[PDB]
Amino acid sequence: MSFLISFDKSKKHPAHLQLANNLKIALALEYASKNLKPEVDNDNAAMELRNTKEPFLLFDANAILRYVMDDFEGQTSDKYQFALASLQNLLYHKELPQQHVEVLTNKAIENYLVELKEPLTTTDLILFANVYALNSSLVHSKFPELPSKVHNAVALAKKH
């Protein structure tokens, strides 16, 4: 029931091959066991059985970045928890409330970000990303020469 089955119908198989196949497909439908009784598909002319479940995907950018870095470390941090709960929540406003952004980003680069060391962790990068989006002039004055990886990312991301 997340399965689609179809008949051999077209395909230039010979008529007798279509019959053998379609008798087998019809018999799978009849002898199917209720919990695996597939749905039939009529705009496929080719015979197959296929799982229609969604493939692996992520819609959250933090999760995407952590996945591609295999970096699941530091999610319990105050650093990360502030990133998520104090900064990233602000990004869902239609218009940014600038006075609050100003202190929260200030605070971010006071307590949590000082560095752009590296090796840069996903947690560091997610914090930097959120602060940059909210207050990049504070970033410019904070780190006027950025790690080149971060620099190349920003150069790409900044144009619409």
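Residue positions are given as counts along the sequence shown, with the first one as 1.
Of the two stretches examined, 93 to 101 and 58 to 66, the record assigns the greater average C-alpha temperature factor to 93 to 101. The mean C-alpha temperature factor is higher for 107 to 115 when 107 to 115 and 123 to 131 are set side by side. Sort the modelled residues of the chain by CA B factor and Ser148 lands in the highest third. Per the PDB record, residue ranking by Cα B-factor puts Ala26 in the lowest third of the chain. Per the deposited record, the Cα B-factor of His16 falls in the lowest third when ranked against the other modelled residues of its chain. When the modelled residues of the chain are ordered by C-alpha B-factor, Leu49 sits in the lowest third.
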